[PDB]
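An overview of the molecular structure
The primary structure of each chain is shown beneath.
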Amino acid sequence: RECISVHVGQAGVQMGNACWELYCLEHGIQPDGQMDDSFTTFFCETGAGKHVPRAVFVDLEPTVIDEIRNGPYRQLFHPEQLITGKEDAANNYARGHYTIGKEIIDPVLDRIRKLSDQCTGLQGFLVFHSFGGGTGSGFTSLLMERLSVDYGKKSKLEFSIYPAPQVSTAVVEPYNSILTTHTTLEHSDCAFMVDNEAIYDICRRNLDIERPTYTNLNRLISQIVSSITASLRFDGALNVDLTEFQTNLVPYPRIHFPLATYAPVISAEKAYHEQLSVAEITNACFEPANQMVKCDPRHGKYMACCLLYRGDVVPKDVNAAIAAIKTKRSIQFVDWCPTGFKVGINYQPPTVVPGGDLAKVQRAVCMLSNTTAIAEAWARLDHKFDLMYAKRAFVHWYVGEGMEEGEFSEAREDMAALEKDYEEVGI
Amino acid sequence: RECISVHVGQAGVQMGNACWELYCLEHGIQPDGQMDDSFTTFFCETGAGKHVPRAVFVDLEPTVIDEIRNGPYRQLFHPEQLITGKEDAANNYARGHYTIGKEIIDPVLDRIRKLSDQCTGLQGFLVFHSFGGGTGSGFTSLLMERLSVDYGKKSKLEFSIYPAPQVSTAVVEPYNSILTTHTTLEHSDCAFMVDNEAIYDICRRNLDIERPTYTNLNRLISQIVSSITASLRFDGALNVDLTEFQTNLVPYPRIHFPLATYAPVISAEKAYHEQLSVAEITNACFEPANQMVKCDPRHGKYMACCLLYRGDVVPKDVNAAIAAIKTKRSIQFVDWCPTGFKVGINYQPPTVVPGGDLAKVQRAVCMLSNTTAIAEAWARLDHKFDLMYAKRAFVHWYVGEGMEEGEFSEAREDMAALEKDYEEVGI
Amino acid sequence: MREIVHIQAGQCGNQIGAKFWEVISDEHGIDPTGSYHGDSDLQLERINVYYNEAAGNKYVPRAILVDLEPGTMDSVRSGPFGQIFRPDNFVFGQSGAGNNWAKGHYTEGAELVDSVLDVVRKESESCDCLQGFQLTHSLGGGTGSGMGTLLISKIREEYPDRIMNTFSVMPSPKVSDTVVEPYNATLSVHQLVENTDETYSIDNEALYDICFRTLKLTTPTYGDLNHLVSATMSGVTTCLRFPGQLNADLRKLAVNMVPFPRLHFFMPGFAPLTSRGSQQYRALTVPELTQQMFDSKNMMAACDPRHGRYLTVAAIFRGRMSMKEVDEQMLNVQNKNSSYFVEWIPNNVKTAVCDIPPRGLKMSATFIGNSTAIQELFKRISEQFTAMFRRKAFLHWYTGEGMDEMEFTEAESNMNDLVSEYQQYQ
Amino acid sequence: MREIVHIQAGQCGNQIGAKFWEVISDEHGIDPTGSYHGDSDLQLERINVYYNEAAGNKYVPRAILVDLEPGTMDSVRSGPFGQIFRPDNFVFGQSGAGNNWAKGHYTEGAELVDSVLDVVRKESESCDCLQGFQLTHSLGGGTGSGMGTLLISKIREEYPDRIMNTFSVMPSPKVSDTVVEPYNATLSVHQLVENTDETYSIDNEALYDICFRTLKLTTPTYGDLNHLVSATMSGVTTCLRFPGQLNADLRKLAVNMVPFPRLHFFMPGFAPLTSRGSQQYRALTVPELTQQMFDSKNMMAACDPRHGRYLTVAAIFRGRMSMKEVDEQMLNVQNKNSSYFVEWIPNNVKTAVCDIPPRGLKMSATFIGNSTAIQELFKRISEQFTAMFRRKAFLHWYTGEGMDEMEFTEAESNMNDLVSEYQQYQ
Ligand SMILES: Nc1nc2c(ncn2[C@@H]2O[C@H](COP(=O)(O)CP(=O)(O)OP(=O)(O)O)[C@@H](O)[C@H]2O)c(=O)[nH]1
Ligand SMILES: Nc1nc2c(ncn2[C@@H]2O[C@H](COP(=O)(O)CP(=O)(O)OP(=O)(O)O)[C@@H](O)[C@H]2O)c(=O)[nH]1
Ligand SMILES: Nc1nc2c(ncn2[C@@H]2O[C@H](COP(=O)(O)OP(=O)(O)OP(=O)(O)O)[C@@H](O)[C@H]2O)c(=O)[nH]1
Ligand SMILES: Nc1nc2c(ncn2[C@@H]2O[C@H](COP(=O)(O)OP(=O)(O)OP(=O)(O)O)[C@@H](O)[C@H]2O)c(=O)[nH]1
């Protein structure tokens, strides 16, 4: 059992630098490249007393790549795997897909082929990017389309950072997100999502960090993506694999948008005063403001829900906790899936980074759940897109790259097709 | 079992100086001329505690010969074996063949006779030259014709450096190559080939040497020609001899042009991070850009393929690797030879030069394979020759030496005969 | 003599199967390394009924562990009794089923089912005279319900005369650790109702319900749940593993418990179930055990028997005891509760006893009941399947492996049929 | 008494031949220097059947190593048992054949074949009464197939009455370490089918296939492959090297296995083949050995016997055992699988046993089978030869030694004939 990953954009490599430092300290891998069947999923055996991750950080702009080469984690990652481009995507879906995308996929696509040939138990793929930019939108759809036609049957765990409702980093991110989702709607099996102001709200209230940064945001994100793959690494009472995320969460092949959340988030001084059990954290993850997306779950209905625990959590009190969620009428489940619960447990507990913002806890939980609540966000993104599309704003840059007005209409109607599917399935 | 070699031209002696320093450090032969049945193939026993190579460096221009006499390796080579001429061939096929060639072969041809009489297990011959020049084109065809009529039955392992498609050192190299190949097409049993920009591409991508020189190019070439003869020197699990290159690679007596490649090429800092096994390098040598010739193997079909490994390579994982190449449809084999695989293994591992660009590796591979892909290069060389031949460019120098217009027509049609044979055999 | 071929399919089947060899190894007095260190000579009298003899007085178990996930075998092999199993029997795939019945039955199971049939054929021909097959699986998931039910079909084709025994755990709505349970459940009972001769319906919530009231474990794990259900696996095969005054083979249990070819879904139970803090305050005499056996809350299924009528019941006792007190307890237990027993059968109880009780207990028994209350489980399972099937939810993944939606309807046709069959006899 | 003249031709024949003297030297208890250090007196009873007596109680082997490459003899002479061989027997050329049948048969072999005939004549007349010739070669290459098959023709001319036994490894399409295999293969079987009385068809890929499943070696070398095939060479000649209850000489094996003069290409096998991590979990009794002998995957040939029918089979057991369990296992193995055995022969099995097993094992046997599934190897070898011959590929090198293309066609005529001969009796 093994799995490979590729990181795209500033959002990907910043999570890439933050997640692989977490994976190395879990398995006792020192940052100099060296220290049985626990690290074989992500890390390889480089002859004798040396390891290499199964990672390929790709990015067109070279500032992030050489910083990793001149960073602290020099000897861990392969120097050849750290791919760098020549010219930035420049916040354009077309530029990272046709001009700069086509001339760099050929080094990239053949690399993941031979990097998979040395492996034998490749379960699937997981990517890290953000559709708010150019390289995260154009190049990501290109490679994911280029490998889906080759492999197809293997899974694809997308991790995209969508823009917030009112907070935003760019101005043309509806154009970047609406075009790349036209290709991602059919090829991606599942895609977990993260938001900007929502994750700031997590560390503001519970973790009381009044001045956080992206370095702190990626740590708890690393706890999420490391905890979902913690079942295949360490032994568990109920082992789950990456293929469970396709069967239990995707009721229809074109409705493949779960939410993401995590608990308990608690500081050092607050950890010793707050009680740690499954009952209080089971209510915390279902709390609406404790999610990683500004979206009201009370408005919609949960299509499916998955739970994955860590640490010394016995199966008694965790089953009594979810039974209290079923009779709690604050949230409402859809009639099309009454038994929409997938429980998981791993024995290895949540770790802690030296000097990190999160505290050590003897148990944790991460919930991924499909719901019809995210239709209003697509309505919001589609609504604001019509305001700029009516004035033809920021269009001359895309057609200057090689595109036209036609596929903008395809990107509009394809999201319009998604809304009528979300209101139909939500009946 | 023994074998002798003669080096012609600047290309030969530069490889001659680079390959014999590799042969001496393998057998523990210090450069001062002294240190059981391992060195007897190439080096002789000079009485007691002294050796001499079975080498004769011949060249018309004297700058390379006396530099070897005043070089570091003075005591290894015999002072009489280092033959020097009086006047340079001057980039002319005719001048190194008739005027300067005829007056120097008589010291040379009788030397290889008596230098072979002291030997008893002479398996064949191997030469080193480049048809881009005069002495490498005219004098090489003269001596190889002069010994083929005498011996005939013995093998001839030609190692010629052809010009690149767009890169080139001279301007009249089509005239030099087209004339000397007219005589080499019938007398040579087999001829491995090397290119100029292709070998630069090897050290650029994988070895990351952005400023290499010919001294660095000849080192990895020495690894190739030393690894093919490594079976007769050291003991191996499956010993192969020089006569295997005639039977397994030459399907027809006038189609005798294999390719050449080598793997793994990896630097010092990259060797410790990259995993070393037969699976990854078996895919590397079949990679099209990892060859020593700018030629697409996907366009043609491999007539025959030979493999020779070194080091601790067990016969299990090497057989599973080539089985994956058979089912891989990225390359296509010809129907005239389905079982076109010749596997070899030697126990002695690849060495490393002190201060060399290549790193130490516990295993290696070198692939020599006949294919119909090289017909386009002969079409390219024949195509550009017609442009200069139509204007009679650079012709007055050849006829000033003693030739005429007739044999230029024979050189043209003889290569034209080769193209119709390559498209017929490629069906 | 009457060997039983064990076959552990699925994750849960490997766990309870691993615990099954653990609990009986202490009864026979077998070391985890494989050597004998018991005390009684009767342990060697019927050690060949489950184990095979080898050199050095070592006894390897006749267990065939099958699973589509290699991490499960690493946990079973690294267990306390993991080293006693044969390494050749550890056959397994590499890619998991991901809780999909179609994957483990058509594509992922079909590549491995050719590999397991040659292994079970070795254990079948190596024995003197095989009796049946003792299989463990789970109706949830893909590898347990898909591949486990597949080889039931193949073994029925090869050995149609032998007994096909299954200890199958099944899902419930109160405790559900998987979304695709009713689809996997309704597809599995289509094969169990036609092919197998006997099946034990074990509900996971009742494993938790029994540990609160009677055993009152404050920190119960899955290993504690495996202990009580594995004791029932030892109780059913006690008569042929040790001598007794009234032996009842697994076939002798089948004819008394299976009045019709489809009505063979049983309801197991076990006693004494008493905590350490209340062991001294209990009498080991049989009337205190008999009232616990037929108790509505003692069984490991959530179906309340008072809402229906018992079709037929069996109780296999263990330990030296008096037969008059044993037999007379079966009289008053049924006549006082005649409403909870069918009037068209004069005697629903089947008796059996053994002279060799478990280690550490002097008196014990196992409750085996075929009751019409089990249709309540088929009711709620059918409604969960019909609720998700009526809009074709979670079916597009099954169609990827070439599975047709009519087979789901055919499985639905079997569901209401066996439901109405139990309703006929109530 | 019934001496066997060993002759090691080719590179692979010298390796397995060197391993053949190694494995039997431990059975007879011979030091590598040549002195005896055994324990049993029966080792000296039939030490002359392969060795020759000399001064100082030293026993030199009757081995004749022939090869056209002097580097091979340096590796064999510098081996563990390289010093025991006679220096005079090490006859060899200087120039290799280079994988060409014409060179080692017409020009390179003809200069040396005059030198080897005087050597084998010395070992033949020095013995008391020669029985046959135990030769090892490979159908690939030039020195094994060209020169090795040449002296088979000359020995047939001089000794037409003696047995000509050959342990010949042959190529396959999945594992092919040489381009000129089908040309060398089809030319070699033209001589083996006419001259030799018995031949063992060993496929190189099956040597790798058996080491994964049963032996599960993680780092197998060629020496490990030589060990299992050399055990079969010891099994065929066990009856005359040690006493037994039912002795079967090599001629006694020939008449039972060779029903027709051309159908003598056998399919060897050996058991027990068990790893060290699974030796304790196996019983050495004969029914577990018999099912391994007739197993489709146990043999060292890739031809599946279930796709055809066995013409005749022989099993030479070793070690003290009970004959009833041995004989009755031969009954149920053939009648239960009557489709895989010809109906026009009442009993296809040949039995034999010895009282002296190998050192370190108490029970063992060797499987020898002549089956019609071997035509699948002749099918794929013929198609590879016809695919390359139909455009005269790689033939101009053979014509240099004066070889005619009609001989390739005559070899092709023999190929389809023996293929159709096996198809007649299926
Ligand atoms: N009484 C016990 N129940 C268990 C145990 N482990 C799991 N389970 C229960 O059985 C349910 C499903 O059984 P499994 O864990 O075996 C899922 P399976 O391995 O068959 O499929 P995959 O793991 O996806 O390949 C599961 O949701 C639990 O409710 C256990 O150790 N003891
Ligand atoms: N089971 C083994 N097979 C071997 C061994 N050595 C080689 N071979 C196999 O036999 C094939 C050919 O046999 P040889 O190595 O003897 C080639 P030969 O010596 O007869 O001709 P030349 O070496 O060209 O003079 C060869 O390609 C291998 O597949 C070995 O040690 N053990
Ligand atoms: N949460 C989080 N988001 C990030 C981080 N880094 C970048 N992003 C997201 O990335 C988005 C910008 O798109 P990018 O693909 O990174 O654009 P870029 O890398 O600057 O390259 P160009 O698009 O060519 O300008 C922002 O809206 C952020 O939300 C990070 O470290 N943490
Ligand atoms: N790869 C490689 N090629 C070389 C080297 N030295 C010379 N050559 C080749 O030799 C070619 C020139 O032909 P030469 O025979 O060397 O000509 P020359 O030695 O200068 O003598 P003249 O032909 O008389 O001028 C060039 O095109 C090179 O490609 C070398 O060290 N390495």
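Some points on the state of the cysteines
Evaluated as defined, the whole model comprises 0 disulfides over all chains. The closest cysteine sulfur to the non-disulfide-bonded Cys305 of chain B is located on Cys306 of chain B, 7.2 Å from its own sulfur.

Some points on the UniProt feature "binding site: GTP" in chain C
Residue and element names in this part refer to chain C. When the UniProt feature table is mapped onto this chain, "binding site: GTP" is found at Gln11, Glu69, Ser138, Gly142, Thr143, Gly144, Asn204 and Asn226. The residue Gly144 is located in helix α5 (residues 143-158) in this model. Once residues within four sequence positions are removed from consideration, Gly144 is found in contact with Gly10, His137, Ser138 and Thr149. Along the chain, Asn204 falls in helix α7 (residues 204-213). With relative accessibility at 25%, the residue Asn204 sits in the partly exposed group. When neighbours within four sequence positions are excluded, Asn204 is seen to be in contact with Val169, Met170 and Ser172.

As for the packing of aromatic side chains
This structure, assessed with the given rule, holds 90 aromatic pairs over all chains. Ring geometry for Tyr183 of chain D versus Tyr398 of chain D: centroids 6.2 Å apart, planes at 55°, classification tilted. Placement of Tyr183 of chain D in helix α6 (residues 181-192) and of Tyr398 of chain D in helix α13 (residues 396-399) is noted, with a sequence separation of 215 residues between them. You can call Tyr398 of chain D buried: its relative accessible area is 2%. Taken together, the ring pairs connect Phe20, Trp21, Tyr50, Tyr51, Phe85 and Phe90 of chain C into an aromatic cluster. Positioned above the aromatic ring of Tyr389 of chain B, the side-chain terminus of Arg392 of chain B is 4.2 Å from the ring centre.

Observations concerning the sheet that holds strand β8 (residues 345-346) of chain B
All names here are of chain B. What the 4 strands build is an open sheet, ordered β6-β9-β7-β8; its pairing is mixed. Looking along the sheet, the strands with just one partner apiece sit at the ends: β6 (261-263) and β8. Where β6 and strand β9 (residues 363-371) come together, 3 bridges link them in antiparallel fashion. Each bridged residue has a counterpart across the sheet, and for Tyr262 the counterpart in β9 is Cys366.

What counts as what
Residues numbered from 1 in each chain as written, not as in the entry; some residues may be left out. Chains lettered and ligands numbered in written order. Part of a larger assembly, values for the part shown. Heavy atoms only, no water. Disulfide = S-S within 2.5 Å. UniProt positions renumbered as here; feature names shortened; annotations may be inferred. Helix = DSSP H or I, 4+ residues; strand = E, 2+ residues; numbered from the N terminus. Contact = heavy atoms within 4.5 Å. Buried < 20%, exposed > 50% of the residue type's maximum accessible area, 1.4 Å probe, protein only. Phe/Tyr/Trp six-rings, centres within 6.5 Å; stacked < 30°, edge-to-face > 60°. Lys NZ or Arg CZ within 6 Å of the ring centre and 35° of its normal. Pairing = 2+ DSSP bridges.

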